[PDB]
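Colleague: Encoded as structure tokens, here's the structure I'll be asking about.
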Amino acid sequence: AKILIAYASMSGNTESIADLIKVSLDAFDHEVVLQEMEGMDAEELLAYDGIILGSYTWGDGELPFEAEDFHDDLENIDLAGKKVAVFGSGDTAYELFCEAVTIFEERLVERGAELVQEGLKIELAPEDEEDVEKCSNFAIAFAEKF
Ligand SMILES: Cc1cc2nc3c(=O)[nH]c(=O)nc-3n(C[C@H](O)[C@H](O)[C@H](O)COP(=O)(O)O)c2cc1C
Ligand SMILES: [Ca+2]
Ligand SMILES: [Ca+2]
């Protein structure tokens, strides 16, 4: 086991970002598991060397209902030594664009994880050239940390 991508997606935008990151991480002969974070016991993260969380942002910059349980679930695990990163899909029409990226970044650092880079912030779906290149650069820099 190596790198885990746990994502929360409702309309598919964050899921599409998770798919792009995994494919890049595949090209480096890493072991990349792709999972949804809902109903996922947070204990599973300790089997991995790297962990990449991903979530969309819901009302008033709050985590979606599905991700707050997993976020609170992280309260009781030591992530010391785990190299982590965060991504998310939001909409700049809101004041708190991709607050979920900041929320999960603080929580992972709050539990001893080594945050290797600033989170990836995509608007809506990664359905154009520079969004795909944003994901491609983010995933490669994470692989350079390994
Ligand atoms: C009711 C509602 C509230 C939202 N609030 C925010 C927000 O506070 N900040 C933000 O960046 N995006 C917000 N969004 C936009 C979603 O984060 C955006 O549509 C995202 O791409 C959905 O990702 P998904 O396809 O993985 O579900 C909101 C969307 C809805 C419908
Ligand atoms: Ca986009
Ligand atoms: Ca663009």
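Cβ sites come from the backbone with ideal geometry, for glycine too, and all protein chains shown count toward neighbours. Read the figures in this text as sums done on the coordinates, not as results from a lab.
Colleague: Examine the range 87-105 for a residue that is out of contact with any strand residue (DSSP E or B) (no Cβ under 9 Å at 6 or more places or on another chain), surrounded by fewer than 23 Cβ atoms within 10 Å (Cβ to Cβ) and on the phi > 0 side of the Ramachandran plot, and state whether such a residue exists.
Modeller: No - not one qualifying residue is present in the range 87-105.
Colleague: Under 9 Å between Cβ atoms, which residue pairs at least 6 apart in sequence (or on different chains) link something in the range 77-90 that is without any contact (Cβ under 8 Å) to a residue 24 or more places away in the chain with a partner that is of a type outside the set (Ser, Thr, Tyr) and within 16 Å of ligand 3 (Cβ to nearest atom)?
Modeller: Close Cβ pairs (under 9 Å, with a partner that is of a type outside the set (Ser, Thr, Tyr) and within 16 Å of ligand 3 (Cβ to nearest atom)) do not exist here.
Colleague: A follow-up question, please. Restricting attention to the range 104-129, which residues are over 21 Å from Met37 (Cα atoms) and within 16 Å of ligand 1 (Cβ to nearest atom)?
Modeller: Selection gives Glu127, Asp128.
Colleague: Which of (1) within 16 Å of ligand 3 (Cβ to nearest atom); (2) out of contact with any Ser or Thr (no Cβ under 7 Å at 6 or more places or on another chain); (3) in a helix (DSSP H, G or I); (4) not β-branched (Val, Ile, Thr) is the odd one out, the single condition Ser136 does not satisfy?
Modeller: (2)
Colleague: Another one. Within the range 78-103, track down each residue that is more than 16 Å from ligand 1 (Cβ to nearest atom), among the aliphatic types (A, V, I, L, M) and assigned to a strand (DSSP E or B). So that I can check it myself, show each step before the final result.
Modeller: So in the range 78-103, the residues more than 16 Å from ligand 1 (Cβ to nearest atom) come out as 78-85.
Filter again for among the aliphatic types (A, V, I, L, M), leaving 79-80, 84-85.
Matches in the range 78-103: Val84, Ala85.
Colleague: Next up: How about the range 104-133: which of its residues are assigned to a helix (DSSP H, G or I) and not basic (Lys, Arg)? Walk me through it before giving the result.
Modeller: Residues of the range 104-133 that are assigned to a helix (DSSP H, G or I), as a first pass: 104-109, 129-133.
Listed by number, the residues that qualify are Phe104, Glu105, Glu106, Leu108, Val109, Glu129, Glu130, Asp131, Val132, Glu133.
Colleague: Of everything in the range 103-135, what is in contact (Cβ under 8 Å) with a residue 60 or more places away in the chain, out of contact with any helix residue (DSSP H, G or I) (no Cβ under 6 Å at 6 or more places or on another chain) and among the small types (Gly, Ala, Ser)? Give them in sequence order.
Modeller: Residue satisfying the conditions is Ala113 alone.
Colleague: Taking the range 136-146 as the region of interest, how many residues are more than 15 Å from ligand 2 (Cβ to nearest atom) and either at positive phi or in contact (Cβ under 8 Å) with a residue 40 or more places away in the chain (or both)?
Modeller: Total meeting the criteria: 6.
Colleague: Which of (1) among the aliphatic types (A, V, I, L, M); (2) touching a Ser or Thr at 6+ places or on another chain (Cβ under 7 Å); (3) outside any helix (DSSP H, G or I) does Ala67 not meet, given it meets every other one?
Modeller: (3)
Colleague: Would a scan of the range 9-16 turn up a residue that is β-branched (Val, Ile, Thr) and more than 16 Å from ligand 2 (Cβ to nearest atom)?
Modeller: Pass one, the range 9-16, residues β-branched (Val, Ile, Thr): 14.
Still in the list and also more than 16 Å from ligand 2 (Cβ to nearest atom): none.
Looking for residues that are β-branched (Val, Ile, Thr) and more than 16 Å from ligand 2 (Cβ to nearest atom), one finds none in the range 9-16, hence no.
Colleague: Can you find a residue that is aromatic (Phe, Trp, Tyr), buried (at least 18 other Cβ atoms within 10 Å of the Cβ) and either in contact with a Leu (Cβ under 8 Å, 6 or more places away or on another chain) or more than 15 Å from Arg107 (Cβ to Cβ) (or both) anywhere in the range 57-68?
Modeller: Let us first name the residues in the range 57-68 that are aromatic (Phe, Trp, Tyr), namely 58, 65.
Next, from what is left, pick out any that are buried (at least 18 other Cβ atoms within 10 Å of the Cβ): 58.
From what's left, either in contact with a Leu (Cβ under 8 Å, 6 or more places away or on another chain) or more than 15 Å from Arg107 (Cβ to Cβ) (or both): 58.
Within the range 57-68, one or more residues are aromatic (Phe, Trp, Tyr), buried (at least 18 other Cβ atoms within 10 Å of the Cβ) and either in contact with a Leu (Cβ under 8 Å, 6 or more places away or on another chain) or more than 15 Å from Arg107 (Cβ to Cβ) (or both).
Colleague: Right, next: For the range 1-59, enumerate the residues that are assigned to a loop (DSSP other than H, G, I, E, B), out of contact with any helix residue (DSSP H, G or I) (no Cβ under 8 Å at 6 or more places or on another chain) and among the charged types (D, E, K, R). Before the answer, list the steps.
Modeller: Of the residues in the range 1-59, the ones assigned to a loop (DSSP other than H, G, I, E, B) are 1-2, 9-12, 28-31, 37-41, 48-49, 56-58.
Still in the list and also out of contact with any helix residue (DSSP H, G or I) (no Cβ under 8 Å at 6 or more places or on another chain): 2, 11-12, 29, 31, 39, 48-49.
The answer is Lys2, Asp29, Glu31, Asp49.
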